[PDB]
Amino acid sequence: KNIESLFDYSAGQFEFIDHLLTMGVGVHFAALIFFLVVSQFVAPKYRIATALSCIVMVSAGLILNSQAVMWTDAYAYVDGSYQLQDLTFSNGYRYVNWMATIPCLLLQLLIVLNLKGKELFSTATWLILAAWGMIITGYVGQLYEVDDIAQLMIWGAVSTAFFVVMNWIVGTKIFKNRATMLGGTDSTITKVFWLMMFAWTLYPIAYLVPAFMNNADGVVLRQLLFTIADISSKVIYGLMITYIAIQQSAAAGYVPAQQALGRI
């Protein structure tokens, strides 16, 4: 059981959540068209990093669209407020989606870091195992956000341990392979690390909202934090990854990338 089910919502709270989720869909699908069109300017070595941004945009866009429809299915305006009907709304579906989206985000970073062969395969496997441990333990913890806050906290601590180990793998790989990067992207990639540290830390903050703001305004805050975090961790991040891919492509002599950069 999730905290959303405990409350009735004002028309203001209900409509704001619907608009946040709907705006989220729009931003991700608008970004998808950008990544699709610029993929032709990326060298073959990096083209999979731009394709992964397209995959993340549709995956995230579809979960946000699903959440928006589930939100409107679950509530109806009755006696002056939006009240729970027969259908349920939950954040559980986002956790399931992270099982696919987090590995995609991590893989596109490894590609632009110029990792290849055995090092790429072994780094991706450890990263994906750490990401899955984080997601599964978090998914279990949030099943107790109404019934048992102590259990939410302890599964949250286990999940945070996987998060910290994953961030150490990411940081280690970034600061080690920064020197292999072309066209000044050795500087850009350090900003990508900090963007990840910031954006990804908003998810455990949203996870703890039932512990510090268990009310209808807390429900709104959690959807707002997921909105900021999704746009930063998927869209802004994807735009930086694509910039890095095109810049390294042009530095390596890929003529469509040089022509695209020269045109802007």
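Residue positions are given as counts along the sequence shown, with the first one as 1. In this text, rigid core is short for the largest set of C-alphas that superpose within 1.5 Å between two forms.
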Q: Name the stretch, 111 to 119 or 80 to 88, whose C-alpha atoms sit farther from the shown form on average in 7 other deposited structures of this protein, taking the rigid core as the superposition reference.
A: 80 to 88
Q) Given the B-factors recorded for C-alpha atoms, which segment has the greater mean, 119 to 127 or 99 to 107? A) 119 to 127
Q: Output the stretch having the higher mean C-alpha B factor in the entry; the candidates are 253 to 261 and 2 to 10.
A: 253 to 261
(Q) Given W71, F163, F175, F193, identify the residue with the highest C-alpha B factor in the PDB entry. (A) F175
Q: Quick one: which of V219, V42, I48, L64 shows the highest Cα temperature factor in the PDB entry?
A: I48
Q) According to the PDB entry, is the CA B factor of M23 in the bottom, middle or top third of its chain, that is, lowest, middle or highest? A) highest
Q: Using the B-factor values recorded in the entry, state whether the Cα atom of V170 falls in the lowest, middle or highest third among the modelled residues of its chain.
A: middle
Q: Would you mind checking where the Cα B-factor of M213 ranks among the modelled residues of its chain, as the lowest, middle or highest third?
A: highest
Q.
By the recorded C-alpha temperature factor, relative to the other modelled residues in its chain, which third is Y144 in?
A. middle
Q.
Lowest, middle or highest third: which one holds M153 when the chain's residues are ordered by CA B-factor from the entry?
A. highest
